[PDB]
Amino acid sequence: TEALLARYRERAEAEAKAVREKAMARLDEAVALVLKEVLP
Amino acid sequence: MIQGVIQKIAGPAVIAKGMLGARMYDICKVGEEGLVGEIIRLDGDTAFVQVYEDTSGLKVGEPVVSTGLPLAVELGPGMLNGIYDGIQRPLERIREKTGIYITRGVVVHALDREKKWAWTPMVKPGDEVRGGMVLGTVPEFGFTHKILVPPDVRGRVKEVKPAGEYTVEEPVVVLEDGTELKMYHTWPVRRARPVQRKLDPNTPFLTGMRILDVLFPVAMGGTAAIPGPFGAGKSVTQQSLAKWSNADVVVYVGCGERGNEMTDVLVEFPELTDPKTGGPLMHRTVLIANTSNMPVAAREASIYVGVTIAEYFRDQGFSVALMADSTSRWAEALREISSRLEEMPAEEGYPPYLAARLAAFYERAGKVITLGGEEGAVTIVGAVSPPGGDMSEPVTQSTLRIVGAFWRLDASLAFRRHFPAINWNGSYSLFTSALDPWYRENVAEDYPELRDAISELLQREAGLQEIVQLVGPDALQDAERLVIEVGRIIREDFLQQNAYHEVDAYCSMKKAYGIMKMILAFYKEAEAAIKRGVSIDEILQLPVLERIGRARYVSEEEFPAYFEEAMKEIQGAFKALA
Amino acid sequence: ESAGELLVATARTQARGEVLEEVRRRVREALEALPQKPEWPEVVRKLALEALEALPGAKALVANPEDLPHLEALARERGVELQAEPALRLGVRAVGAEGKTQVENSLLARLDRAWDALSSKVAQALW
Amino acid sequence: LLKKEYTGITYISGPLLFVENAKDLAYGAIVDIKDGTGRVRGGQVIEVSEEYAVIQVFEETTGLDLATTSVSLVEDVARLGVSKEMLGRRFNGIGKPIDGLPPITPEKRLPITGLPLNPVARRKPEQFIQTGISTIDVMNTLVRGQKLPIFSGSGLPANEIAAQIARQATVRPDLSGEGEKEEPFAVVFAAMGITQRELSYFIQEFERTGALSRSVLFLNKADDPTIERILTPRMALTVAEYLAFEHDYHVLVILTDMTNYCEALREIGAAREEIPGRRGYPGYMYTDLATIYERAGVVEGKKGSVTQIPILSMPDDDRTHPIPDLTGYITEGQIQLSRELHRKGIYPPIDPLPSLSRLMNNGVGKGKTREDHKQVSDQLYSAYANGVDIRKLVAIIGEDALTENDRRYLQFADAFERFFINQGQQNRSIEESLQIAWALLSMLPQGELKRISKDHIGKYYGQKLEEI
Ligand SMILES: Nc1ncnc2c1ncn2[C@@H]1O[C@H](COP(=O)(O)OP(=O)(O)OP(O)(O)=S)[C@@H](O)[C@H]1O
Ligand SMILES: [Mg+2]
């Protein structure tokens, strides 16, 4: 049926947004780490 | 110690410059990793080195150091019950320091230096010693391993270690000129070890396979080639020989073949029993493994390492069977190296000296009086893998000129599960005549006549097959139908042998003689019945054929009584025809 | 009926990949405009020095004209000519002895060649 | 790390170019070739000297000039970034994704040529694989850790059989003595020299049944650069080895057409002007095919396994052609499709007489499949061979009138071909295939069925051919 597909796509986009949210805090920390590693 | 740098890298071949003074066929350590290589061409200040290990990642300018010595193996206690790579490195100790993958540049002693051995001297101070004499003995696995003087060493004994536990590195004998003699010595793999005399081979190499031991026998010091297409059963025959033959020591060389076969040997052999002494089969065995995906240049080294180890065990008075899993892979390695050398190929791309190398390898076999005065032998069975099954390819043809036995496998028999799949029409043996006195003395006085009659029956059956295909089996006389059926019986009940059956895998000479006697007695009685007006239909329906067919599954212990009851049943059946 | 697994896996993959791409954009924009920090001569000195570490002998070093004089200690020591190309922002490149070999240390190139190894740690730290 | 560039290009001809200086380039290294337009090509150092290094360009050399072309080092050893999220993805055969999803995050960067397995570290392949095909599972059974090619012709349905095996292959741990919940199983699929039509077929097949989720696909198209066909099995086996020996996966590897790979290898070798072989193929083709195939197997102390099924098209159905000849010399057996069985409408057209599984004899028995497996297989082979050798004598004699027991085998042979071999898209279990085999064993229990001595007759005989 269509309902299973709709529920799966909605939960998939929701958890994608959740992973984005829980990356958002550490984005700048990772950026600082990469900046300190690339520079000699 | 000549030291140079890498000038050029192209596959397994490295040009080293600054090597003025390096000697032909000396071992070199290539690169910072110290990869083992061998010089095969010298040109001005440079040297051409063939690397026995992978050359990936080598960089121009890395040092190349020549050891000043040719490719040599360490010969002494500790080789039995072991597996080695192409240049005699223990694969188990390589694993225990490297993991599940074989990385290059690993250095490890061929003989365990920390193991103690029970030294038992035989010489005394003041004795004159020549090459090949026995300094003393050490027990390895029930074998009495003899510590031999190196073949080039002569002198007078100054000191002898009393007794006890020593390692192979501890000098057990010291000569008056300061020459210390250890439990081991090195020998160049490309030099045949000297012997006093070559003897004529007068005893059979019992393989346990009926067709080979009966129709195409090989003598104790002989050589045999077993070429065939893929899946014909070369390796199965080699492993059957390793399991069941009467050799004191078996050396198996996996030259460029599957690793799963070497693993199969390593797993199964410790559980099997040595047919001679009764101990575990692996204590009899030395494995030299260079799988197909191992470095290609190491195949040639592995062949020489195997044959040199076999010769060393021959020098101690043992009879040694050397199995080469495929000499075609060694030939292909030679072709690749020759192509790197820009040599002009002779035939199908092989170098022109291929036949010379094969002849020098197969010439090391033979029954000899060793330098120590004992009698030893090396038997070589070398498998060949002709491309597309073409027996006209250079390796097969150059092999046939030197081998004494030719065990030709057939694809048509292998497809139809008729194993061992020996083409008895194309095969031959040149040792059959010379072994006749031994067969008469040890099996039966009339054994050669039984064998000749069986071969004649096979010849007649093969001839009548053409008439069968032309006219049809229905429209030929009952005598020829009897010949056809007796040939079928011979094939399926005597020539066929299941190497995986717990009983059929091994067959003694007397069991084969009994089966031949059964078949020939049945044939003569059925021929008399045909002359007696008996129709072949009821002859073919006789239950005695079931006894004849099941004879080969009878164990060696039961077979002497089964043979007697089968003889009586054969008599009674054609007596009952009246 | 089983397409939900494909949807969830695709969504998570797209999310993580877009997040990593955003991290790349952030780090490349922050890596831009290094000379605005007055500590830049001290790092570009080592940036030029590692070029001479790579090249046992260099004929000349090429960079933005304003970036040249800060590195001229190496010019005095090695005798390397200083060559100007303003398009070579945030980087140092050198010409070998024969002119055939050359090395480049532009910051964007270092980021591009390091990101493949760095992403393994970045993804684990980010999640 | 800093980037060094070499501008000393002195010679370009065909696929090779020479770079002067460049003694810093290690042998076998991977390089990036950049021309004046900014396009970047790939290349591999195939020969390095003091005076120059020799690079084989991955693509065509069109557009390269000695004035502006620059060569730079990428890595001394070709490596592939691998991770567990590769499952469900697709790649072009050089590692680049072609599924539209973003690139994976590399957990490890393994060299793509691998390293030889130490023979003392291996163990004997001992667990069978249920492919769902009776003529394989019963008579030529596939064992975890085996390499077992499928020999096929140009007109035979090899791709369909490959897809069916990929869909149906399963571990069957319930029958195993070590009964347990199923261990992870995965399929790595490598397509070499494949057409767009076959690619669409495979993508549709993997999508329509969800097998894609437990699969990794490497797809090299026929119009892709020829070097990517060489590199494709390296990437596939690198991924398979990573999964199996670092995450305990049971990996089944399928190589779609090794004939295309060997044609690519011949092209590359002739480009390098090597010594030729039997039919123009390089003399070292055995070594290369061995370095591909020998990577399969089972390792002592590790739960995972790698199984290979290389499908190849025998040119002109000639088994003595170099490709099938060397493949048979390397692999442990072969599955050969019959064109005559294809003409009779039988699918899958596997001919059991010339097919062989070397590792079969130690992969079946008690605790593995059923206790009667080997005896049943022996009996089926013997009976089918007897039927075939009866029908071949009928042609020469030209007489249907023959002994009564012969007609039982002719009928047995016809029923065997029409029911056991001919199974269509049915996913027969090993128990189902054994039931079909025992039903086909309608021959006399003792007067016939005498090739293999067995007392399993009292347990399984008497079936009346009834189907579902
Ligand atoms: N004497 C035999 N008894 C029983 N089975 C046999 C025998 N010889 C061969 N076979 C079978 O046939 C297969 C072929 O084995 P081998 O003869 O070892 O192959 P080969 O001659 O080494 O050729 P390859 O595959 O290129 S190494 C074996 O795995 C067995 O299944
Ligand atoms: Mg073999």
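No value in this document is a laboratory result; all are computed from the given coordinates. We place every Cβ from the backbone using ideal geometry, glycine too, and count neighbours over all the protein chains shown.
Among the numbered conditions (1) touching a helix residue (DSSP H, G or I) at 6+ places or on another chain (Cβ under 7 Å); (2) assigned to a helix (DSSP H, G or I), the only one that residue D:381 does not meet is (1).
Against the test of being among the β-branched types (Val, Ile, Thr) and under 23 Å from residue B:425 (Cα atoms), the options B:548, B:536, B:490, B:530 yield a single qualifying residue, B:490.
Yes or no: segment D:31-39 includes at least one residue that is away from chain C (no Cβ under 14 Å), within 19 Å of residue D:227 (Cα to Cα), assigned to a strand (DSSP E or B) and in contact (Cβ under 8 Å) with a residue 12 or more places away in the chain. Yes: segment D:31-39 contains one or more residues that are away from chain C (no Cβ under 14 Å), within 19 Å of residue D:227 (Cα to Cα), assigned to a strand (DSSP E or B) and in contact (Cβ under 8 Å) with a residue 12 or more places away in the chain. Summed over segment B:404-417, residues that are more than 10 Å from chain D (Cβ to nearest Cβ), within 12 Å of ligand 1 (Cβ to nearest atom) and more than 26 Å from residue B:364 (Cα to Cα) total 2. A Cβ distance below 7 Å, combined with a sequence gap of six or more or placement on separate chains, defines the contacts here; from segment D:74-85, residues that are more than 14 Å from chain B (Cβ to nearest Cβ) reach residues that are assigned to a loop (DSSP other than H, G, I, E, B) and β-branched (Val, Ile, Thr) in the pairs D:80/D:112; D:81/D:104; D:83/D:104; D:83/D:105; D:85/D:104.
In this structure, does residue D:311 turn out to be touching an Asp or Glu at 6+ places or on another chain (Cβ under 8 Å), more than 12 Å from chain B (Cβ to nearest Cβ) and not in a loop (DSSP other than H, G, I, E, B)? Yes.
Within segment C:92-118, the residues that satisfy the criterion of being within 7 Å of chain D (Cβ to nearest Cβ) and surrounded by 21 or more Cβ atoms within 10 Å (Cβ to Cβ) are C:101, C:102, C:103, C:105.
What are the residues in segment B:374-403 that are within 16 Å of ligand 1 (Cβ to nearest atom), of a type in the set (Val, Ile, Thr) and touching a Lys or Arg at 6+ places or on another chain (Cβ under 9 Å), if any? Working first, answer last.
Going residue by residue through segment B:374-403, those that are within 16 Å of ligand 1 (Cβ to nearest atom) are B:381-391, B:393, B:395-396, B:399.
Those still in the list that are of a type in the set (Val, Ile, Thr) too: B:381, B:384, B:395-396, B:399.
Once the filter is applied, which keeps residues that are within 16 Å of ligand 1 (Cβ to nearest atom), of a type in the set (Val, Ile, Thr) and touching a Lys or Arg at 6+ places or on another chain (Cβ under 9 Å), segment B:374-403 yields only B:384.
For residue B:13, the criteria (1) out of contact with any helix residue (DSSP H, G or I) (no Cβ under 7 Å at 6 or more places or on another chain); (2) surrounded by 15 or more Cβ atoms within 10 Å (Cβ to Cβ); (3) over 30 Å from residue B:270 (Cβ atoms); (4) in contact (Cβ under 8 Å) with a residue 40 or more places away in the chain hold in every case but one, which is (1).
Residues are listed down the side, and each one gets a yes or a no for (1) at the interface with another protein chain (Cβ under 7 Å from one of its Cβ atoms); (2) of a type in the set (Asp, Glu):
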{"site": "C:10", "(1), (2)": "yes, no"}
{"site": "C:21", "(1), (2)": "no, yes"}
{"site": "C:28", "(1), (2)": "no, no"}
{"site": "C:41", "(1), (2)": "no, no"}
{"site": "C:48", "(1), (2)": "no, no"}
{"site": "C:55", "(1), (2)": "no, no"}
{"site": "C:65", "(1), (2)": "no, no"}
{"site": "C:72", "(1), (2)": "no, yes"}
{"site": "C:84", "(1), (2)": "no, no"}
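Scanning segment B:426-460 for residues that are farther than 21 Å from residue B:510 by Cβ and in contact with an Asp or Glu (Cβ under 9 Å, 6 or more places away or on another chain) yields B:426, B:460. The conditions of being closer than 24 Å to residue B:218 by Cβ, free of Cβ contacts under 8 Å to residues at least 60 places away in the same chain and among the charged types (D, E, K, R) are not met by residue B:347. Any residue at all in segment C:67-87 that's touching a residue at least 40 places away in the same chain (Cβ under 8 Å) and either surrounded by fewer than 21 Cβ atoms within 10 Å (Cβ to Cβ) or in contact with a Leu (Cβ under 6 Å, 6 or more places away or on another chain) (or both)? No, segment C:67-87 has no match at all. For segment B:212-251, taking the residues that are within 12 Å of ligand 1 (Cβ to nearest atom) and among the β-branched types (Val, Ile, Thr), the one that is nearest to the other protein chains (Cβ to nearest Cβ) is identified as B:236. Of all residues in segment B:173-194, those satisfying the criterion of being among the aliphatic types (A, V, I, L, M), buried (at least 20 other Cβ atoms within 10 Å of the Cβ) and under 33 Å from the mean Cα position of the chain (by Cα) are B:181, B:183, B:189. Residues in segment B:137-192 that are among the β-branched types (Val, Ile, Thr) and either in a loop (DSSP other than H, G, I, E, B) or touching a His at 6+ places or on another chain (Cβ under 7 Å) (or both): 9 in all.
Looking across C:47, C:52, one residue alone is surrounded by 17 or more Cβ atoms within 10 Å (Cβ to Cβ), in contact (Cβ under 8 Å) with a residue 40 or more places away in the chain and in contact with a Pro (Cβ under 6 Å, 6 or more places away or on another chain). It is C:47. Would you confirm whether any residue within segment B:263-285 is within 13 Å of chain D (Cβ to nearest Cβ), within 14 Å of ligand 2 (Cβ to nearest atom) and in contact with a helix residue (DSSP H, G or I) (Cβ under 9 Å, 6 or more places away or on another chain)? Yes, that holds for at least one residue. For segment B:318-340, residues that are within 16 Å of ligand 1 (Cβ to nearest atom), of a type in the set (A, V, I, L, M, F, W, C) and more than 12 Å from the chain's Cα centre (by Cα) total 2.
Residues that are closer than 29 Å to residue C:49 by Cα and of a type in the set (A, V, I, L, M) were ranked within segment A:22-40; the one that is farthest from the chain's Cα centre (by Cα) is A:39.
Inspect segment B:474-491 for any residue being within 16 Å of ligand 1 (Cβ to nearest atom) and within 21 Å of residue B:232 (Cβ to Cβ) and give the result as yes or no. Among the residues of segment B:474-491, at least one is within 16 Å of ligand 1 (Cβ to nearest atom) and within 21 Å of residue B:232 (Cβ to Cβ), which makes the answer yes. When we screen D:63, D:93, D:42 for residues that are out of contact with any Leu (no Cβ under 9 Å at 6 or more places or on another chain), within 15 Å of residue D:227 (Cβ to Cβ) and either touching a residue at least 24 places away in the same chain (Cβ under 8 Å) or more than 14 Å from chain B (Cβ to nearest Cβ) (or both), the only hit is D:42. Residue B:333 meets each of the listed conditions (1) more than 11 Å from chain D (Cβ to nearest Cβ); (2) crowded, with 22+ Cβ neighbours inside 10 Å apart from (1).
Each residue in segment B:252-286 was checked for being aliphatic (A, V, I, L, M), part of a strand (DSSP E or B) and more than 16 Å from ligand 1 (Cβ to nearest atom), and 1 of them qualify. Only one of the numbered conditions (1) within 9 Å of another protein chain (Cβ to nearest Cβ); (2) away from ligand 2 (no atom under 16 Å from the Cβ); (3) of a type in the set (S, T, N, Q) is violated by residue D:331, and that is (2). Suppose we filter segment B:100-117 for residues that are outside any loop (DSSP other than H, G, I, E, B), within 14 Å of another protein chain (Cβ to nearest Cβ) and either within 13 Å of residue B:295 (Cβ to Cβ) or in contact (Cβ under 8 Å) with a residue 60 or more places away in the chain (or both); how many remain? Counting residues in segment B:100-117 that are outside any loop (DSSP other than H, G, I, E, B), within 14 Å of another protein chain (Cβ to nearest Cβ) and either within 13 Å of residue B:295 (Cβ to Cβ) or in contact (Cβ under 8 Å) with a residue 60 or more places away in the chain (or both) gives 0.
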